[PDB]
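For reference, the structure discussed in these notes is given below.
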Amino acid sequence: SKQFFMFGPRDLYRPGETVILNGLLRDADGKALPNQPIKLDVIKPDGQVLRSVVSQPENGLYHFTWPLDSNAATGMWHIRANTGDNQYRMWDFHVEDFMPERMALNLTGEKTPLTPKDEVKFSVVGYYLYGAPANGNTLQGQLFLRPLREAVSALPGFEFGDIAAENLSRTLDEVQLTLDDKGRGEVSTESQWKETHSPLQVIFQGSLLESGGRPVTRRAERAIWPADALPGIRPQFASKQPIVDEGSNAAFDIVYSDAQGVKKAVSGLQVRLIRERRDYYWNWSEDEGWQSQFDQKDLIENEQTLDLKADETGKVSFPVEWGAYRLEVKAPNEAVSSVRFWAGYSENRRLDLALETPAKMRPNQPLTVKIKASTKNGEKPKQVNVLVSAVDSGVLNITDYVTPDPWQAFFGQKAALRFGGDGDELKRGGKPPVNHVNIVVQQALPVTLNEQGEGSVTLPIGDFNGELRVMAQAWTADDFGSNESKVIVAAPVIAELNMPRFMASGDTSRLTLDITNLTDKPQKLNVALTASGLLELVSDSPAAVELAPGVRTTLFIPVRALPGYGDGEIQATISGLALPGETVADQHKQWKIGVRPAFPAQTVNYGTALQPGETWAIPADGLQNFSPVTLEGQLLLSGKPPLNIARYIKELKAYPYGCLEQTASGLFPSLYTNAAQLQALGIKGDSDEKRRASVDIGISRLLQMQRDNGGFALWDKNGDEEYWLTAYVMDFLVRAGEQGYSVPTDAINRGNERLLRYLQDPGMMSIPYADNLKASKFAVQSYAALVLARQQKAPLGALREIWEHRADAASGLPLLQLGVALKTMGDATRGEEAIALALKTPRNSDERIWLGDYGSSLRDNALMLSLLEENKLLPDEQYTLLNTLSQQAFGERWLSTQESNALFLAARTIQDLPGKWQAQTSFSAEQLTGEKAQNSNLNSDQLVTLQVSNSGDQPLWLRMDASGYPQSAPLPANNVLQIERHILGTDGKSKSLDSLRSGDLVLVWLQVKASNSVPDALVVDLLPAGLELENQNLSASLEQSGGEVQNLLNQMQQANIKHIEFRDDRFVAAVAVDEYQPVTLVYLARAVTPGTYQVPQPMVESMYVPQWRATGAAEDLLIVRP
């Protein structure tokens, strides 16, 4: 069937850096195949496809590299491969803003389960990867105590421990340790879970802290039991908490087991079926927090006893009746295990490979590797190809990169639119500062070994301190194998600096300079320090130093971070160790950091449209407010539509039922479209047969609301006549037949002859609720005019008489109706006048005055437009009216079904019409053109002088958005939506920001709420350099079992969140936010660098309309001491 081994130097890249992917193709057997290509596709987190290739193989091997984009979205990416099979093999790989480790951490306890009173202790082993051990490096940690449910790891499905056991999950005392011992340190706890009859586990999450700096954090787990062996329960039912369907019986498998020791036996196991009545709940809103929930009582329903012999899988079954139960087996010894359920709601041909490699080496000189393959024979069958890569070991430990082993790869068995042009999610938050961390990765060419299975590569190594990992893979046509080797690289004396990931301009940190002697002879040096760029030394370093062999002591370097955006640098010139051996006298080192401002960027949004020959320039004072260094702009130049938010509304279906307006407004648009247009208009209403069939129904239904005199009532033919709707209804019924519907003849006639008497004798007409009868009656008369006029049944005489009562008119809509009525029956000169008047008559938009036309400024335009499309009239105004209608989009909070339709009927127009635009620009002196709509990115200098001029036959529409850091902290700006930031502790209680020592964890609470529905929201919490997010997307490093106050976690879980990114300087969340609905975001961070840091304001924006943003309230300064 074909098997494709995908493999690479690593699975953790970092936005910016090039990716390497390798491939080998074999069959079901694992033998070679005929030479062929393999389509590879690169896949972004969301699901889209960045790029794709047809990888040709050179010499049995597939290779694929491509440069991962600086602003690429952090997530998990995939490369997948079509093997013609139409099953895609995926190669997953991480992209995160990540920091290679520079240290290691082994933590162990023996794997034997303890007993209740047995204290718990763990091993610690702190060691820098250049060789040295953490001598005196402190260690933060947290000791948790969590229920251990799947204790028998050879019987997953069986659950162990009393599911209702009070207080089983606690977070025990915090860990704190100098580990002065060059080797190590140790961590114990005394038992406090005497009581339990349930199997528990103690969990240690430990962080080994670099010198005034980052953590390298790992967790160890140490099981705990209460008996020799424990009772187990597997509920037979599935699909989660498991439950019986109805009042059916509760099927269970039941057992008794040792640590893994299968099936030990005792009789007298007391099985019970406990039920839980839960009544009473809630608490006053504005309790702060809000509400609370139910209390319960537990009563027994069976006391059935079951016996069990060794190797026996018990089986109890019990009928139940619609409540929350739980099954609770009690062992003689006293270990209990409950489980809860609710009845309702709510072969060796591998090639032996060995690697000749130094155990240790200095940097800057090539690393030579030699490869010999035993082949499990005298000599290795055919040609030996070997590919060999080298990777900084601190990169592979975060992923825990198992080296790729081809052998067991072959033989190893048993989304429509957001609007975010790519990539803007960052851009709007503001250019991130540039992160200079350098990753060390080399891959060699594939080698063909000799006839003795021997060969050698030389991987040139640069300036580096730490462990390397050499890895190699080998293949013949039929045989495969691999191996890895750990090659330390150090200097005679290491000096590596410690910095935060960035610094906000104004921030001040105290960088630590690690410096270790690996020479054996004591040495005396002078570390002369310079700082240039947007970074300056505040004070004066210790001049000279002195060290024994194998000892490091650090220097502290305090640093004012200068205003602006760019890069700062620290130069060390290190004098000493002038050598007749190493051939050296001095050594110069450089280190660089990114400086950005301390507040989030802003954006500005212009949109207009230009009929040919018009020119759009940009305001002079419009960008006046931004820092130009970091300002960029988009300029989408669509030639087909306006705002065109055909969506932002829907689904749309046929509702034949209800009163007369429900019914009419229910069907009125279903006349004019079908599934086709709909599943292509990005919305789907009704099966095409269900729509027609459902119109047919509402027709015959309306007819029965037709009174004798031919006009209509709301519910029955005996109803009080409703005047304006009688017109409306007819309009529908007339239109109906033109769209292939059957309307009875006279029914329509009885109605028309009535509509006439709407023109001739308004005296009869009495409108029930509405005032301004003058205007209400006029509006009625003109709708009735149109309708009859379409039929050629609107007598030119009566159209005049109403043409002079025109001063009564409230809206322009009637006039436009009456213009077209006139136009069509003769007398175009009144028509043209009545029309041309209509267009310059607006409605007062307070509209509580209630005229009985169900209208508004909003729809009467949408209809005045939907009219002109029909008659092909005054197309110049058509754009004008359309553009004014576009702008009813800001005012799209709660539209009626009449405004919806009347819009949708104007909107369905846009779909077909092209398209074609042409325009001159300030930039690209060439004529820009396009079939569709095209974006164009602009820098500061381009856009400050930006002008755009149409050049074509059609009008175009241009949107621009421009984003960059301002000169000065935006004052807190609530608009549409808004945002609070609260720094909670680890114990869930607001933390004094001045109270922070390094290594401390902190919980950040973002409450985001809105007055609209804003589905393209963008949360962007910038950071104070003091903090660094503890990334979860990864993790071998740190978790939200750590987070105690679930109040909020639970909430977060509900919210519709497209993605959360954890990035060097920014918390970023794309999300949908609503009214009546807050959106709780919580994210875990740590304080690393000591100093005093400016806290940005938290912000959020709507992607589509940037004017919808909320700069939240600025917090005070963050101070970190140690």
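By order of appearance in the structure tokens: chains A, B, ..., then residues from 1 within every chain, and ligands from 1 in the order shown.
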Tell me which protein, DNA and RNA residues are within 12 Å of residue 59 of chain A, counting only C-alpha atoms, leaving out same-chain ones fewer than 2 positions away, and put them as a list in words.
residues 23, 24, 25, 32, 34, 35, 36, 37, 56, 57, 61, 62, 63, 383, 384, 385, 386, 445, 446, 447, 448, 475, 476 and 477 of chain A
With a distance cut-off of 9 Å and only C-alpha atoms, select the neighbouring residues of segment 294-303 of chain A, excluding the residue or stretch itself and same-chain residues fewer than 3 positions from it, and output the selection as a list in words.
residues 270, 271, 272, 273, 274, 275, 276, 277, 278, 279, 280, 281, 282 and 318 of chain A
Extract the full set of alpha helix (DSSP H) residues from segment 681-807 of chain A according to DSSP on the backbone, and format it as an MDAnalysis selection string.
chainID A and resid 688:703 723:738 745:760 773:791 796:804
Nearby residues (only C-alpha atoms) at most 7 Å from residue 1112 of chain A, same-chain spacing under 4 positions excluded, as number ranges by chain
A: 972-973, 978-980, 1097-1099
For residue 977 of chain A, the nearest of the candidates A:1022, A:913, A:491, A:1079, counting only C-alpha atoms:
A:1079
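Within 9 Å of segment 78-85 of chain A, once only C-alpha atoms are used and residues closer than 3 positions along the same chain are dropped, the contacting residues are residues 1, 2, 3, 4, 21, 37, 38, 39, 40, 41, 42, 43, 44, 45, 88, 89, 90, 91, 92, 93 and 94 of chain A.
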Within 10 Å of segment 148-152 of chain A, counting only C-alpha atoms, which residues qualify if same-chain residues fewer than 4 places away don't, as an MDAnalysis selection string?
chainID A and resid 113 156:163 168:169 198:202 223:225 229:230 232 257:262 337 339
From the list A:766, A:777, A:968, A:736, which residue is nearest residue 720 of chain A when using only C-alpha atoms?
A:766
Considering only C-alpha atoms, return as a count of residues only whatever protein or nucleic-acid residues lie within 7 Å of residue 961 of chain A, sequence-local ones (same chain, fewer than 4 positions apart) excluded.
7
Which residues, written as a count of residues only, have at least one atom at most 8 Å from residue 577 of chain A, with only C-alpha atoms counted and residues fewer than 5 positions away on the same chain left out?
5
With only C-alpha atoms as the basis for distance, which of A:220, A:836, A:1020, A:371 is at the shortest distance from residue 1037 of chain A?
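Smallest separation from residue 1037 of chain A among the options: A:220.
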Each residue of segment 162-213 of chain A lying at most 12 Å from segment 506-510 of chain A should get a row with its shortest atom-to-atom pair and the distance in Å to one decimal, counting only C-alpha atoms; could you produce that, ordered by chain and increasing number, as a tab-separated table?
```
residue	atom	partner	partner_atom	distance
A:211	CA	A:510	CA	11.1
A:212	CA	A:510	CA	8.3
A:213	CA	A:510	CA	10.0
```
Could you save those same residues with N, CA, C and O atoms as a short mmCIF file (atom, residue, chain, number, x, y, z; two decimals), in the first residue's frame?
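This is the output file again12.cif:
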```cif
data_model
loop_
_atom_site.label_atom_id
_atom_site.label_comp_id
_atom_site.auth_asym_id
_atom_site.auth_seq_id
_atom_site.Cartn_x
_atom_site.Cartn_y
_atom_site.Cartn_z
N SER A 211 20.50 31.62 36.44
CA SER A 211 20.99 32.68 37.31
C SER A 211 20.25 33.97 36.99
O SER A 211 20.49 34.57 35.94
N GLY A 212 19.35 34.37 37.89
CA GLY A 212 18.48 35.54 37.70
C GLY A 212 17.75 35.40 36.38
O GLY A 212 17.87 36.24 35.47
N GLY A 213 17.00 34.32 36.25
CA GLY A 213 16.47 34.02 34.97
C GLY A 213 15.59 32.82 34.88
O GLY A 213 14.99 32.33 35.85
#
```
Nearest residue to residue 995 of chain A from the set A:1121, A:1059, A:757, A:31 (distances using only C-alpha atoms)
A:1121
Point-to-point distance in Å for atom CA of residue 1053 of chain A and atom CA of residue 1101 of chain A:
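So the two atoms, atom CA of residue 1101 of chain A and atom CA of residue 1053 of chain A, lie 21.2 Å apart.
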With only C-alpha atoms as the basis for distance, which of A:682, A:698, A:155, A:545 is at the shortest distance from residue 415 of chain A?
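Among A:682, A:698, A:155, A:545, it is A:682 that comes nearest to residue 415 of chain A.
Using only C-alpha atoms for every distance, the candidate list A:1091, A:492, A:30, A:607 yields A:492 as the residue closest to residue 578 of chain A.
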